[PDB]
Amino acid sequence: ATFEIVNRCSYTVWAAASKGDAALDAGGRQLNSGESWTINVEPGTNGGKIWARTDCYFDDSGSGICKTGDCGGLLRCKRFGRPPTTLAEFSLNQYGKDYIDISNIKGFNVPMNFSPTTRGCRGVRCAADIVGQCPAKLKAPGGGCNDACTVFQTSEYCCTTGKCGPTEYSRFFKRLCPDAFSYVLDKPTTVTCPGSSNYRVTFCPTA
């Protein structure tokens, strides 16, 4: 499948794409305001993620640091990034379907729209000002709004037992972004698409 990744923010993001134990395509790129990066993802990719990183400095070997979403200091991500990160999540060609969602389960850094560019399903967007509205205890100094599991590391926030309910903190993400996952056991907002669809991820879909 192809994914076009568009930076519509007025500031530079460093896009990242990773299946957790491997880069997808080049794995990361600088995107200035207005730039698009088209990547190819192997059909049958399970648990792929795309996200944006803010305030990054890299050297000439592509080692450095980002204030949100850093993946152990590399330009080209292999691991997932450090919260807070808004996440475009996908599993492709799972018994003839593609599954897509946006997740706030690891916090929120940049607003995002995640849509097919082919027919047969609709997209999802989380474009609210979550950083601006963010509860005081969830605010990440770097910019961004952390999830409660990242901040507090409890069984309840993290559903480490596999049982957990919504919380004050999850209710906040959900109230601003009803279509994003707000905690591990949220009623799914997964969208099912035809096997082998193509997609666009747009940062700051609304700027």
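The numbering of chain A matches Swiss-Prot: 23-229, in order.
If you check the header, you will see the structure was determined by X-ray crystallography, 2.3 Å.
Every residue, even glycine, has its Cβ placed from backbone N, Cα and C.
Of the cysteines listed (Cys93, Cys99, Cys143, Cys148), Swiss-Prot assigns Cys143 as the disulfide partner of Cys215. Swiss-Prot names the disulfide partner of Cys171 among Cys180, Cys181 as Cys180. Other Cβ atoms within 10 Å of the Cβ of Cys226 (disulfide bond) number 19 in total over all chains. The secondary structure of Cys148 (disulfide bond), as reduced to three states from DSSP, is extended strand.
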